[PDB]
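Comments concern the structure below.
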Amino acid sequence: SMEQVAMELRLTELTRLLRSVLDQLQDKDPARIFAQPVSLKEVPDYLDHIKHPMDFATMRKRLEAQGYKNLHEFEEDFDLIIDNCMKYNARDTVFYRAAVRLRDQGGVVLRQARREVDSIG
């Protein structure tokens, strides 16, 4: 149907916007602490601590399959990256600190993304 196509164009355009959001958030992680999944070879107990691991590469795979239906779903995954790290790692660590700085800097980007998603529809 023509409606299904229109919906698909909306999803494509959301994907375009979330791709730009993802690039902007990942620039706020210049150390690449959050770039890839925590290695279960190197942290074998990880899944005992963290039930829903997340990282920027995993989000990008979902994004490119157009697997984010709305901004809320995308923000959920970004919040998992931060929150997982802040639980597994102690306050005094470069990992925790990196997550705090990514949360604070990402807030700005996400605030305007929300306006753009509502604005453009």
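Pick out which of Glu64, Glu73, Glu42 has the largest mean-square fluctuation in a Gaussian network model of the chain, springs linking Cα atoms closer than 10 Å.
Sorting by GNM fluctuation, first place goes to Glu42.
Where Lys and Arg each count +1 and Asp and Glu each count -1, what net charge lies around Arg103 among other residues with Cβ under 13 Å from its Cβ?
-1
From the mean inverse distance of alpha carbon pairs (Kirkwood) and the Cα radius of gyration, derive Rg over Rh for the chain.
With Rg and the Kirkwood Rh in hand, the quotient comes to 1.02.
Suppose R0 equals 22 Å. What FRET efficiency, 1/(1 + (r/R0)^6) with r the Cβ-Cβ distance, do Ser119 and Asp27 give to the nearest 0.05?
0.45
For every other residue with a beta carbon closer than 14 angstrom to the beta carbon of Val94, add +1 if it is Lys or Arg and -1 if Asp or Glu, then tell me the sum.
In short, +2.
Relative to the present Cα-Cα distance, how much length would full extension add between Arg62 and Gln4 at 0.36 nm per residue of separation?
Gain in length upon complete extension: 18.8 nm.
A short reminder: the numbers here are calculations on the coordinates, not readings from a lab. For neighbour counting, all protein chains shown are included, and Cβ atoms are generated from backbone atoms with ideal geometry for every residue, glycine included.
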